[PDB]
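Consider the single chain below, provided in structure tokens and representing the form deposited in one PDB entry.
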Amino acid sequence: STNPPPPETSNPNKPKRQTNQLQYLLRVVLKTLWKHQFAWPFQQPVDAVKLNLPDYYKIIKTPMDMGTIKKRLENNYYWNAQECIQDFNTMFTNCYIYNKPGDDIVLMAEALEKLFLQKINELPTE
């Protein structure tokens, strides 16, 4: 019962770009979330082997983590801020879908998402 390959962080067929908003997402939005006390379960892809969860990747088929998002931002993977924001939402929604609304991992994800929505409201104009 192994872990699948992590999501890609580069693609020669995908148009690379670098805007004012994407620079803000890497140095402001993702920066404060990465330094949060509840960030450690989300900085890497879900390790279903160490967690003894054989059913995680049987349910979640599009995993996402801050480590993937951070590496994608560093490599100019996205075309605009909307693409990067959707990866964040994917990371959050996967946690809310797989876990119970009262679990600690959900209470940690909800805290990160609220801080995420605070910094996104101050996203600069293109």
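Shifts are known only where both forms have a C-alpha. Superpose the two forms; the largest set of C-alphas matching within 1.5 Å is the rigid core. In this text, residue numbers run from 1 along the sequence as written.
**Student:** Mind pulling up the entry and telling me whether 81-89 or 52-60 has the higher mean Cα temperature factor?
**Tutor:** Mean B over CA atoms: larger for 52-60.
**Student:** Comparing 31-39 with 63-71, where is the mean C-alpha B-factor higher?
**Tutor:** The stretch with the larger mean CA B-factor is 31-39.
**Student:** State the tercile, meaning the lowest, middle or highest third, of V46 with respect to the CA B-factors recorded for its chain.
**Tutor:** Its C-alpha B-factor belongs to the middle third of this chain's values.
**Student:** Hey, what third does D103 fall into on Cα B-factor, ranked over its chain?
**Tutor:** According to the entry, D103 has a C-alpha B-factor in the chain's highest third.
The same protein has a further form, the form deposited in another entry, not shown here; the description that follows concerns it.
**Student:** Core-aligned, does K114 move its Cα 2 Å or more between the shown form and the other one?
**Tutor:** No, shifts by less than 2 Å.
**Student:** Under a superposition restricted to the rigid core, does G102 display a Cα displacement of 2 angstroms or more between the shown form and the other one?
**Tutor:** No.
**Student:** 2 Å or more on the CA of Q18 between the shown form and the other one, with the rigid core superposed, yes or no?
**Tutor:** Yes, because once the rigid core is superposed, the C-alpha of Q18 moves 2 Å or more between the shown form and the other one.
**Student:** If you overlay the rigid core, what runs of at least 3 residues show Cα shifts of 2 angstroms or more between the shown form and the other one?
**Tutor:** Moving stretch: 11-18 alone.
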